[PDB]
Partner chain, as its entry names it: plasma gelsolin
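Heads up, the chain below is alone and in the form solved without its partner chain; it's given as structure tokens.
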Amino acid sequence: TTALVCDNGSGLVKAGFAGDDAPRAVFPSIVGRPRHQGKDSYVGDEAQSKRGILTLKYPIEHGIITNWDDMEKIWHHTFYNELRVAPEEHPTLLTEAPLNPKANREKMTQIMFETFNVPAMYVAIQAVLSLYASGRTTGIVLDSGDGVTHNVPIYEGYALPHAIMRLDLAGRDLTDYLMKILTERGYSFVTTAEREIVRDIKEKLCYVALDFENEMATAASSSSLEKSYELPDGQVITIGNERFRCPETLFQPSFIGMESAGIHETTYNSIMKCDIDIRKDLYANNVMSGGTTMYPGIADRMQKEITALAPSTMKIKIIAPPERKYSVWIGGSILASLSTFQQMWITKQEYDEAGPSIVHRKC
């Protein structure tokens, strides 16, 4: 009687039942296999734990299920042992990436059915659900996850294909920068195990600089904005610079040898690429979702950043909910449990007559 909502991210899967206030599961989005030709698998955590004897791969690169057979594993694990449920008797909601390919979708679809024999299923735009979980039916989202960040302006519930912005800069690239400028402040973080740390150092300490400059040399001639962080065991390396400098990369891709424009930029471009009737609103309903959109004051930074690039008579709104980190899943949750939605599901039958193409016709 309960359907499922699996939000496939590049870094983390989020899964759960249609109706819970939060994803019952949220595990590493990796898959470990032995070493070679001769227990051929291990998803999420099992894989990390037993890493020492398997080589780990992420099956989703920048929002895209690129490693397929590995994914099937992942799904099987999510169901049968992350939810401990029978796919055959549970309708399934799958998150999807903006501009995700017809194929990459028809595949996903195919799978659920042919492989898992789910009863009915559906694929939804991440930013969209995410948006729906904030009230708005129309607006423009900023989804900066782990492997990518997008920009989606949506109209009365419809993402504006033409006007979408894909920025391959996200959490990891971001951690990587951190664990770079941290080996250069006199350390050595290079192995992946240091990453997960420099990463936790990230999630935790570092933040959003309002005025990059006055907040650069603000603590550049002071310790007042410094902090301590105990190493994996004992040490207390201090942070100062690396803090707002890490995220800052989101507003300044240069820092990574990235030619692309920063957030507020792409956000603007996007409104601007949207027929004028709506922008007024777009400016007004600017939603933030995604782990990396979790830094502090990034909220404000954007307020500023934007207004600066927009009509000095635009009512500009920033909406950065606390639940961001799972925004999507929830949206999926709600949308999934909706009566009327019950007609949106794509039953096997439907799928049996017409093919996997049946999915594209949405909402």
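Positions refer to the first chain, counted from 1. Under this definition, the rigid core comprises the largest set of C-alpha atoms superposing within 1.5 Å between the forms.
If you look for the form deposited with its partner chain bound, you will not find it shown, but the lines that follow are about it.
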**Item:** Single option in 170, 178, 133, 94 placed near its partner chain in the deposited complex, where near means a heavy atom within 4.5 Å
**Value:** 133
**Message:** Quick check on residue 9: any heavy atom within 4.5 Å of its partner chain in the deposited complex?
**Reply:** no
**Item:** Residue among 232, 257, 161, 135 whose Cα moves 2 Å or more between the shown form and the other one, once the rigid core is superposed
**Value:** 232
**Message:** Taking the rigid core as the reference frame, tell me whether residue 50 has a CA displacement of 2 angstroms or more between the shown form and the other one.
**Reply:** yes
